[PDB]
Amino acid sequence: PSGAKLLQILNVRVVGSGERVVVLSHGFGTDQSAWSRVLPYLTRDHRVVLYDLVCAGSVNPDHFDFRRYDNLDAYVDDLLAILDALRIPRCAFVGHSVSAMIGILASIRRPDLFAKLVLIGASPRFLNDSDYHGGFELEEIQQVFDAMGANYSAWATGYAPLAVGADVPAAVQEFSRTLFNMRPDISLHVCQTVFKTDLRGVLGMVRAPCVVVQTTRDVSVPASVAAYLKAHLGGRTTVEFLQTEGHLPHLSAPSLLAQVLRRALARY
């Protein structure tokens, strides 16, 4: 619905400066504050655009239109509206988890706009299929969805340490803070939307060069998924391995992740 309104509603911030513009797009259970530790490594060299997904706890939940956001294309529309409102013609995009999915879709809709993709904790499909290992079974996610409805607080308390992976208490506390900030119904709806999404068929339509960041264990992304993305993404793709584990390296290992981001965003 907007330039100015949307910029306010989604907490859009532009920091740093440079000819190289970089958009940082957070994942489920967090907001843009997840990038706070890596941000100082980018703002000397880059103009950084940060924003909150509509489902973030830091956005007023009465903006969340359940009908509209029952597919990821609606989230892509927001991203493209923001970039158009800021008059940005070209950028690199760093997306975590659901935002990696959003980045892939957005790079296909507007190949002129996305010069490079950096995908963290990324998967094209979480559910297993005939000759495809996503990491999840239908009955498993059914139980997760039930837990989310029956006792959101208990679910979130259990999930936070598993998502962080490594024993980094401060990161668990931080992810828990934002996860508890999400409205329980919106959280469930986002999860349901993600688990219905299957990007496999469109990966070859991506034209941008892509860096897939792989940690040594991610509860939501089997190791074989990074290799799948490398084999099927349509642009020049590399897989960069972090020497630690987790689904949220920007929270748990920000200095290590920053090394990869600086190298990936050097030229595009």
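All residue numbers refer to positions in the sequence shown, first residue = 1.
Peer 1: Name the higher of the two by mean Cα B-factor in the PDB entry, 151-159 versus 83-91.
Peer 2: In the deposited entry, the stretch with the higher C-alpha B-factor mean is 83-91.
Peer 1: Using only the Cα atoms and their B-factors as the entry lists them, report which of 60-68 and 33-41 averages higher.
Peer 2: Result of the comparison: 60-68.
Peer 1: Tell me which of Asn181, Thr193, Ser187, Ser99 tops the list for C-alpha B factor in the record.
Peer 2: It is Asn181.
Peer 1: Whose C-alpha has the highest temperature factor in the PDB entry: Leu199, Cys55, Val49, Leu242?
Peer 2: Reading the PDB entry, the winner on C-alpha B-factor is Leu242.
Peer 1: Going by the entry, which third of its chain does the Cα temperature factor of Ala223 land in?
Peer 2: Ranked within chain, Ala223 CA B lands in the highest tercile.
Peer 1: Ordered by C-alpha B-factor within the chain, which third holds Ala264? Give me lowest, middle or highest, please.
Peer 2: Middle third - that is where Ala264 ends up once the chain's C-alpha B-factors are sorted.
Peer 1: Could you say whether, by C-alpha temperature factor, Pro124 belongs to the lowest, middle or highest third of its chain?
Peer 2: It falls in the bottom third of the chain.
Peer 1: Split into thirds by Cα B-factor across the chain's modelled residues, where does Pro249 land: lowest, middle or highest?
Peer 2: Within its chain, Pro249 is a lowest-third residue by C-alpha B-factor, going by the deposited values.
Peer 1: Pull the Cα B-factor of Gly134 out of the PDB entry and bin it into the chain's lowest, middle or highest third.
Peer 2: CA B-factor rank for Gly134: middle third.
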